[PDB]
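Engineer: need a 3D model of the sequence below.
(chains A, B, C and D, ligands or ions: 2)
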Amino acid sequence: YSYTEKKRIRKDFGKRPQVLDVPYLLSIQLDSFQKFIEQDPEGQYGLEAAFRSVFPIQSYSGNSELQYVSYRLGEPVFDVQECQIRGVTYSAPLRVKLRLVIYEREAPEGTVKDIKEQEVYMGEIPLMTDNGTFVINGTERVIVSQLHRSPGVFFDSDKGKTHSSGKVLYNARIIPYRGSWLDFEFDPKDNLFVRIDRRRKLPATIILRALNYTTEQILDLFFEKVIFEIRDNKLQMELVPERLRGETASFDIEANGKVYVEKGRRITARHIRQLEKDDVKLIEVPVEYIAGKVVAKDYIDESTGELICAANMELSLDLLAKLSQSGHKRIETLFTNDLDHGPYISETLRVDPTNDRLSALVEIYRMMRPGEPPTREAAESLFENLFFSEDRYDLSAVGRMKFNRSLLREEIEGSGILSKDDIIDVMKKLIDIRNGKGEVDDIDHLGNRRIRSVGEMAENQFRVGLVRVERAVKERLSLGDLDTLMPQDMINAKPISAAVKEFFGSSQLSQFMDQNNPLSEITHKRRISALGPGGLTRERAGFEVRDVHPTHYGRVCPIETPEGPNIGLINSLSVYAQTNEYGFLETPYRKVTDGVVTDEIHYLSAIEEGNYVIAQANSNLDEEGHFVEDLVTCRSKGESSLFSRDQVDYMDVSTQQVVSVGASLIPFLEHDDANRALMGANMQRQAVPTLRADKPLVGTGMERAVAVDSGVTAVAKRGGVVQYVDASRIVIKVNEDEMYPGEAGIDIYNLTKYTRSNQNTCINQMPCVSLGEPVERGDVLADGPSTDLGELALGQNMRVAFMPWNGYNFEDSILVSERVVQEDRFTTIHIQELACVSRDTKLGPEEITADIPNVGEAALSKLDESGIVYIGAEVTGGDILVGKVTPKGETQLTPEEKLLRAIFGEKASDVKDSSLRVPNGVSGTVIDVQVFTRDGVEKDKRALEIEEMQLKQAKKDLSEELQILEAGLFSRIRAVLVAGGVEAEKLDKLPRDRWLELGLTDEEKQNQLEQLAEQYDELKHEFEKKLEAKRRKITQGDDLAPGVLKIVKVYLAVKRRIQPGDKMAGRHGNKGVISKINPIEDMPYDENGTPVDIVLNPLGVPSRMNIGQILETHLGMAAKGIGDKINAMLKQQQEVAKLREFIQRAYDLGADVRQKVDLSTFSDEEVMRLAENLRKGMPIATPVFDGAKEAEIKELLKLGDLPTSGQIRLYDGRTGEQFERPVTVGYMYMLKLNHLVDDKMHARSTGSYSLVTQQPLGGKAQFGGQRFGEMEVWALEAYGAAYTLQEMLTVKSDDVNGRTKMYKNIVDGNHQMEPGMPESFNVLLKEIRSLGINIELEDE
Amino acid sequence: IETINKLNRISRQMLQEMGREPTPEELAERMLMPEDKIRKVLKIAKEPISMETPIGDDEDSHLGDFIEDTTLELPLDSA
Amino acid sequence: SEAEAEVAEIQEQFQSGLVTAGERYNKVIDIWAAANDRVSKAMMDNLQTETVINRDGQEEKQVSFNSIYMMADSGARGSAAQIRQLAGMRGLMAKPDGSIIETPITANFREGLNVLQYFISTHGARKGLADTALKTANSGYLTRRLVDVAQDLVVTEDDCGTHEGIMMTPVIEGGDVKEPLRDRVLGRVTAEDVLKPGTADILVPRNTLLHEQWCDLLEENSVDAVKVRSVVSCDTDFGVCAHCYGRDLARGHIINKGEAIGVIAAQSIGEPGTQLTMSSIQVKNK
Amino acid sequence: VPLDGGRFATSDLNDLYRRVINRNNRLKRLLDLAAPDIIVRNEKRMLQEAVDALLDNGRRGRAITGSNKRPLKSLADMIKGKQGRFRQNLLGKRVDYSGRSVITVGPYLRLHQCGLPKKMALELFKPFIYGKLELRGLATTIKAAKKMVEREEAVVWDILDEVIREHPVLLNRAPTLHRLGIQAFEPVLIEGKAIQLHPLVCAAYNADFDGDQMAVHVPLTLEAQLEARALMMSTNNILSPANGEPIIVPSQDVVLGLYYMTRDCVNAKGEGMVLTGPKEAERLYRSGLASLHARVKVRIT
Ligand SMILES: [Mg+2]
Ligand SMILES: [Zn+2]
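Structural biologist: Numbers count the residues shown, from 1 in each chain, chains lettered A, B, ... in the order given. Ligands and ions are numbered 1, 2, ... in the order given. Below you will find the coordinate block:
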């Protein structure tokens, strides 16, 4: 194993040999945004796609144009951390090259009139960290992938809209990437109709006229031919046999001389078959059969030139006469099978009043621009703009793909613009589905739903900015001068950066990151939603989208989605998933060939999956043969079933890919219900890190890669030897081979100490290593807030036993010991931030100074010179942090205090206090202060003491850096002289600088002397430039608001501990609030006196079925026991060999354990440290659905010399006796939560009041009154407490006379009530009277 | 108004030249007038922000609900 | 294994083509339900009296000491269906369609669910849970309209001096009693004199609270029909009388005048509802 | 109004009034000038438009907006819907003298009791304390009083316990479906920030200790206090008005203890001797000599 694995191994009972190892988890953010930047020449992605798709642009007249060239980005001015500290966006410059080519409208296109090829900055752009956040005003923020109906086309059918009909109505819809929608539909009367974007209904055929088709060409396209021949008097006609199918003979249908079908007889498939086999196509028939048939195409007499029948008109017998007399012994007609080939289009034509292309354009123009006097090109241009202009309609070649496949083309690609072939093919497949062939499609299938990551949205808003530019570009091109108006004398970068900024800071997807837990971060990045733009709404959407669809398998976790109104909408991504290039999804599958499971992989998409047949990972493979058992669990078609062995196409990879990470971590999930796992994995994200990092024993194996891939830890970039160690930084020297030749290869890592999280928690780092040891590359060099040796640790493992206790664990509540509290182990941190702003007023500036009137030296004892707190303080409500004061106005006084300062002579200044203080209820420890000030105002002294010290710190931190880096170099400057003789001790003893004068020679060594001269020169010089830019970055003032003169900021530390009310839980939904802490003596305990830490009520196990905690508990009791054995082996201090035997005997225990590890490979001290790190408990991996078994649990517990049932006689402590029976016992891994009473509790006597209604507020942050809803009125209406009601209606809320009067009657003792009138009432009267109404009262 | 026009028009060109925005130091220089008037106008250019905006991203808190009234009295002061 | 062989038989019959799919469908699903019932029998017989415990004699068995079963029989937590989900196969499962899947569950939580078994539990759990989120809208809406109607109503009088009203007779239909006339009369006030099958034996002078002693008294008599001065039938303009409404249940006595009924009603009716969306004729006895 | 940083904030009506007055005044101008009737017409369509918008914006046609693109709340919206006065601010009111917190169990309690945080009640019952310290005169005035209550002296607590006695208090959990969702208990002071509760009345609350939070109100005036002790009191209410069933049904732990205790095995011991009563049976089991579950002869009365 690896080094960070050698020291603390996690056992495994997984058996399924994994072919694959997990991927990098945060790949999608990186790759998406990368495509948004990455300089694609041809297969345009994001930026270049927007420039190409928009530029070039030419004038409003047609003479001048701007031309795209290329782009380039600057490195950002500010690094990451100054952007965190300052409250500043992290972002990089943008620079586009632009060429103003202009054309003479004198010359035809004599382009050489003007060229201005210059460069333009416009707009910053935020960038992505190595981990995925975007820093914005000093806030780490995350922006979330979206999921929505892909572009293309989508067919549907509502069942009984007119429920009186009880009838089916089919419809089709076209939905592009950009541009307008399009709806096709049927009616009860079987008439095709159109509406655009849901404008009004229109007879569909109108559009086809507008598309320059005649009724002839239309019916040629839609209707197949039925050809008659009037052979000299009588009617014969051509007939394919499968035309009279399920059809009934109207006449005696006979043949050459032969009767197939009689009158009143069905043309059975027998007679279709005789009509087929007999080579019979022509049949003699009655003329009367025609009458009712419709002509297909216009017929005249070549003598007349007159329509004997216009096209699409019903035939007769006088028209059979007159046609054949006019020279028609051929009459093509329209096939019409009301069953299969319906008269939809023709009826729609007979309803359609429009005859020409033009009027069709007019009535479209009238649908969308109602009223307006129509004109030709307004309407032609309108229609052609809608779906035939590149500007206002683009499909996304994605959309072109899906569309084409929906029409069964071969062409993936095409245009973002429609063609008439496309429209009419859609109408054809529509009516085809109206006949019965094919099917409507479904929403909930993933193959209709497309992911939209960051870079695509950024592309969108970027282009919108380009339009905001483009209007004024043209207005300023055609009008203003050409040769002199530079390209950037037109450009304004404000709409662009305003757009990018707007999206990064106002959209629903843009939001603060959940920093309470690395798990919560990574899963907040692996989030997927259908809301936001191009999406849905809670009040609108229903259950269908919320529910699962079987294609979620291997792509979306069904186990992680909230319990509130967002139950189905939000959902998280699965583990081995990826994205289709188009935006759809895919998932790995092992290909199954000849029964042999092929170890290659293919990423089947949302749609390929159902067509093949797919097997499970549960399959007990026949050892590189095939599936052992005949009836193999496989699936296809959107359902599972049992199939054969050689018959298979594909297999799942692992036993996991259905899941997300969170539910990949809950062990013994297979022994649990989905509801309580939902709640477990949800609350698994709301954890808080403990003060320490206590690992879990019951594992899954994914813990490590999550502890790494959050990026929170240090990572060995290039493995090597630990050079320097500290509590704040680490230095490693890089291995020689890994050391690139140019660079010295000495990596250094600066670590983060106690620092605020966005949820006000402790962020911190610590080395998981010693000094002077090799490092395998990729190891963890530093742990974080919730990690240990490279594994996650959200909480702490401890002793548990299931029984009631005197009512203290009544309904899921918890009882807990004192011993836990003495070990601080659930104690946690809540760093906080507080600020004070120095403003400029109408009267003068606010001033930060120690001096404040009417203050005692008690408070002031801790403010330094400038009126600022010394670091190290420990403070409480009422204390003062920053003495700020404000020049004051003046006062209209009362006679009394006037007399009182006429007595004492005391006075005010012309100034008021505005200090920064602790808010009531709070206490804690000041540990850091920061100050920001304008470039232009004096730095208040302490600021100089801060920034100068920030240079003492900084320039030291760099001196060290350069001193080490350069000191290594200073070997060269020693040795290089020494090549070319030797000064064996004349070199060393005399001072090191003066060796250049020692042993010297000609040809090659003078260049050497001056090479060292260069080295010296460089080495000081780089320092000086470093120092220059660095020091000015420290000293340069701050970009603040107007009126804001300087700011202070104060960071605290508060150390909150467990109390009744502080919720806790585990990883199965096994919630619980605390009701008491129990002394060690009143606890239950055992024969050996080791008491319990936590007690639980198993009433709530069976009905909740969260059974894994039981098995987990058993296993925990096992693991600790082994550690206890080893602990006995250490204090008794046995020997190497006994540890060797015992440990290797412990690893090789399970039935068919996948992993096999030997210890003779390891050396002695490895055995030592590993036995020493296991003594608290041997940690184990229970993969989620490849779990362990009762045989293995109980085998292990027998190795522990414990009761196999894990269930022991307990003795009560208060009474000293035994209980009746045994009780289950063992170790749960358990957690604390942010839902702490310290942050929830709130009271209110009397305080603030609002502004319009004057009734109090809500929220503890605003000293809020609690709401008394209508329900809570209806109750008192039930009882009859009119007085309690009136009390809550007048004095506590609105009646100001009442509240003041009441306070005064109280302090006089009197508990007496007077009412007034609520102000919101008379407010309402005033409003109504504003609405033009004489509302008024009938005074008594 | 005219001063604001000149300001926001010049700031664009200064943005081209610098590649960055101008400071009231550099801009008071370019604007020919001293920093006091610049800073003054910058303090004047702000609009109101519409009490009925949802500062609760959910339809929970229209900003007017948040506002306190510090005008009337407090009953303890009266007593 | 048995039922597996059965569906193999019905399978090969469908392969012959004798049987349809719908017939086949209802057939196989029905045998599955049967097998489930049988495992329920086997387990319940294998827990409740599984304990054989001797005492001064050879053997004898009694109600068990299995703590899970004691939790079941108490009524504290659990029930035979749930315990079945722990020990036995857990039913069949409807996919989101409203259909009912063909191949049911075999294993349990103690043994271990399969991948797909869990993946299929998903649909039902998320579905009914989505309903849990999304039925209180209708509940609070309905309740709000009910309270809205029933605001104004309060008892205005002690006795309206009014006349007969509604008849109370039991709701025995379909089987045996579902609301005894005991319960229906309970706390109500008579329309008029009332007598016994031994006839012309009055007990009410047209209005009395018919507490449990009256109700037992008329359980003795074989009466099955009563009349009552109803809340509806009362004539009091702008309210009702105390008698016609009868007993304030939570007091155990006649309602005091001035108490507000309508809110009690709408609360009383809407409060429960949130949970609570969620050939021949053959004489039985003589 | 302003905010801290010089920013202002307004109600959407003022925009509408401005549009109206601009339009009327321009109209008056155009009427001084005998200008063409067409612009008169247009200005008046603009007028009736803006008035109609003031009375309801998104009614007559497509909606009017400020710069946000979300519409301008007219007058009537302030009278209408949830956000109107009625449902939000008039039938429902924020409250003085109230609070809330997490809840946990009080197993030892009696029915009339509520575990109560000190500090929460200290705040809620302040002016009583002040009246009683002006009474005793420890704080001659209210500046002294407030400073003492901030200093949290010893008599603070003794006087807190002095006033709180016989002073009931209301409890409320959401959603307040039926009248038993809100009840009047007596206070009991405890050294913690979490309410305790009498478990049997969790059922009327449909409540569990899975992180739930409850709210507290105070009957200031005497009449509400007596109504609380007499109507909202936990003793007066053990039955629903829907049905006369006990709503004091022992839930899930107590019931197990009963069903375990009252049970008739065969097997343990002590079968078929005789007792003079329950008490020496208690001597047996508190000694641990009998089965707790075993049919045996006794005498009773
Ligand atoms: Mg709850
Ligand atoms: Zn009546």
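
Engineer: report how many residues lie close to the residue in the stretch 301-450 of chain A positioned nearest to ligand 1.
Structural biologist: Relative to ligand 1, the nearest point of the stretch 301-450 of chain A is residue A:444 (31.9 Å; C-beta to the ion). From N, CA and C alone the C-beta is placed, and that goes for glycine too. Number of residues near residue A:444 (other C-beta atoms under 10 Å in any protein chain shown) recorded here: 16.

Engineer: OK, contacts around it?
Structural biologist: A:544-545, A:547, A:549 (C-beta atoms under 8 Å, 6 or more residues apart in numbering or on different chains).

Engineer: next: residue A:1173.
Structural biologist: Applying C-beta under 8 Å, 6+ apart to residue A:1173 gives the contacts A:7-8, A:789.

Engineer: so residue B:21 versus residue A:1040, what's the distance?
Structural biologist: With the distance defined as C-beta to C-beta, to the nearest Å, residue B:21 ends up 13 Å from residue A:1040.

Engineer: neighbour count: those two, which is higher?
Structural biologist: When residue B:21 and residue A:1040 are compared on other C-beta under 10 Å, the one with more neighbours turns out to be residue A:1040, at 17 against 12.

Engineer: give me the distance between the nearest residue to that one once chain neighbours are set aside and residue B:31.
Structural biologist: Setting aside the residues directly before and after it, residue A:1040 is nearest to residue A:934 in space (C-beta to C-beta, 6 or more residues apart in numbering or on different chains), at 5.7 Å. Shown here: residue A:934 relative to residue B:31, a distance of 18 Å by C-beta to C-beta.

Engineer: now do stretch D:242-258: distance to the chain's middle.
Structural biologist: 25 Å (C-alpha atoms, centre = their mean, to the nearest Å).

Engineer: show me which positions of that stretch end up buried.
Structural biologist: Within stretch D:242-258, the residues that count as buried by 16 or more other C-beta atoms under 10 Å in any protein chain shown are D:242, D:244, D:247, D:251-256.

Engineer: those: which ones sit near ligand 1?
Structural biologist: Checked against ligand 1 using C-beta under 5 Å from the ion, the buried residues of stretch D:242-258 yield no neighbours at all.

Engineer: got JSON lines for those residues, with secondary structure and distance to residue A:321 too?
Structural biologist: As requested, the buried residues of stretch D:242-258 are arranged in JSON lines below (DSSP: H, G, I helix; E, B strand; the rest coil; distance: C-beta to C-beta, whole Å):
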{"residue": "D:242", "secondary structure": "coil", "distance to residue A:321": "86"}
{"residue": "D:244", "secondary structure": "coil", "distance to residue A:321": "93"}
{"residue": "D:247", "secondary structure": "coil", "distance to residue A:321": "93"}
{"residue": "D:251", "secondary structure": "coil", "distance to residue A:321": "95"}
{"residue": "D:252", "secondary structure": "coil", "distance to residue A:321": "95"}
{"residue": "D:253", "secondary structure": "coil", "distance to residue A:321": "100"}
{"residue": "D:254", "secondary structure": "helix", "distance to residue A:321": "101"}
{"residue": "D:255", "secondary structure": "helix", "distance to residue A:321": "98"}
{"residue": "D:256", "secondary structure": "helix", "distance to residue A:321": "100"}
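
Engineer: and those residues, which two are the farthest apart?
Structural biologist: Farthest-apart pair in those is D:242 and D:256; separation 28.0 Å (C-beta to C-beta).

Engineer: can you pull the contacts of residue 11?
Structural biologist: All of this is about chain A. For residue A:11, the residues meeting the contact criterion (C-beta under 8 Å, 6+ apart) are A:1146-1147, A:1178-1181.

Engineer: right idea, wrong chain: chain B
Structural biologist: Contact partners of residue B:11, counting by C-beta under 8 Å, 6+ apart, are B:21-22, B:27.

Engineer: cool, residue A:549 as well?
Structural biologist: Contact analysis of residue A:549 by C-beta under 8 Å, 6+ apart lists A:442, A:444-446, C:96.

Engineer: then residue A:619?
Structural biologist: Residue A:619 sits next to A:627-628, A:632-633, A:651 when contact means C-beta under 8 Å, 6+ apart.

Engineer: which residue, neighbours along the chain excluded, lies closest to residue C:248?
Structural biologist: Looking at residue C:248 with C-beta to C-beta, 6+ apart, the closest residue is residue C:255, at 4.1 Å.

Engineer: so in chain B, which helix runs the longest?
Structural biologist: Among the segments of chain B that qualify as a helix by DSSP state H, the longest is helix B:2-18.

Engineer: other SSEs contacting the following helix or strand past it?
Structural biologist: Going down the chain from helix B:2-18, the next helix or strand is helix B:24-30, by DSSP states H and E. With contacts taken as 3 or more C-beta pairs under 8 Å, 6 or more residues apart in numbering or on different chains; DSSP states H and E, helix B:24-30 sits against helix B:2-18, helix B:35-44.

Engineer: in a markdown table: the buried residues of stretch D:242-258, plus distance to chain B.
Structural biologist: What follows is the buried residues of stretch D:242-258, written out as a markdown table (distance: C-beta to the nearest C-beta, whole Å):
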| residue | distance to chain B |
| --- | --- |
| D:242 | 34 |
| D:244 | 41 |
| D:247 | 34 |
| D:251 | 35 |
| D:252 | 36 |
| D:253 | 38 |
| D:254 | 41 |
| D:255 | 42 |
| D:256 | 43 |
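
Engineer: would TSV of the residues you listed with distance to residue A:695 be doable?
Structural biologist: As requested, the buried residues of stretch D:242-258 are exported to TSV (distance: C-beta to C-beta, whole Å):
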residue	distance to residue A:695
D:242	53
D:244	57
D:247	48
D:251	38
D:252	35
D:253	34
D:254	39
D:255	40
D:256	36
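
Engineer: quick check: residues of the stretch 101-250 of chain C near chain D?
Structural biologist: When proximity is defined by C-beta under 8 Å from any C-beta of the partner chain, the stretch 101-250 of chain C lies next to chain D at C:140, C:143, C:247-250.

Engineer: which among those residues end up buried?
Structural biologist: Burial by neighbour count, judged by 16+ other C-beta under 10 Å, picks out C:143, C:247-250 from these.

Engineer: for the residues you listed, which one is nearest residue A:1306?
Structural biologist: For these, the closest approach to residue A:1306 (C-beta to C-beta) belongs to residue C:250, at 33.7 Å.

Engineer: which residues are in contact with the nearest residue to that closest one once chain neighbours are set aside?
Structural biologist: Nearest in space to residue C:250, with sequence neighbours left out and distances taken as C-beta to C-beta, 6+ apart, is residue D:239 at 4.3 Å. Residue D:239 makes contacts with C:249-250, C:252, D:245-247, as judged by C-beta under 8 Å, 6+ apart.

Engineer: give the contact list for the residue in the stretch 101-250 of chain C that ligand 2 sits nearest to.
Structural biologist: Taking C-beta to the ion as the measure, the stretch 101-250 of chain C has residue C:234 as its residue closest to ligand 2, at 2.4 Å. Counting by C-beta under 8 Å, 6+ apart, residue C:234 touches C:160, C:162, C:165, C:240-241, C:244.

Engineer: ok, now with 7 Å
Structural biologist: Remark: with contacts taken as C-beta atoms under 7 Å, 6 or more residues apart in numbering or on different chains, residue C:234 is in contact with C:160, C:162, C:240-241, C:244.

Engineer: try residue C:181
Structural biologist: C:168-170, C:224, C:226.

Engineer: narrow these to those in strands?
Structural biologist: Using DSSP state E to define strands, the subset of the contacts of residue C:181 located there is C:168, C:226.

Engineer: perfect, I'm done here.
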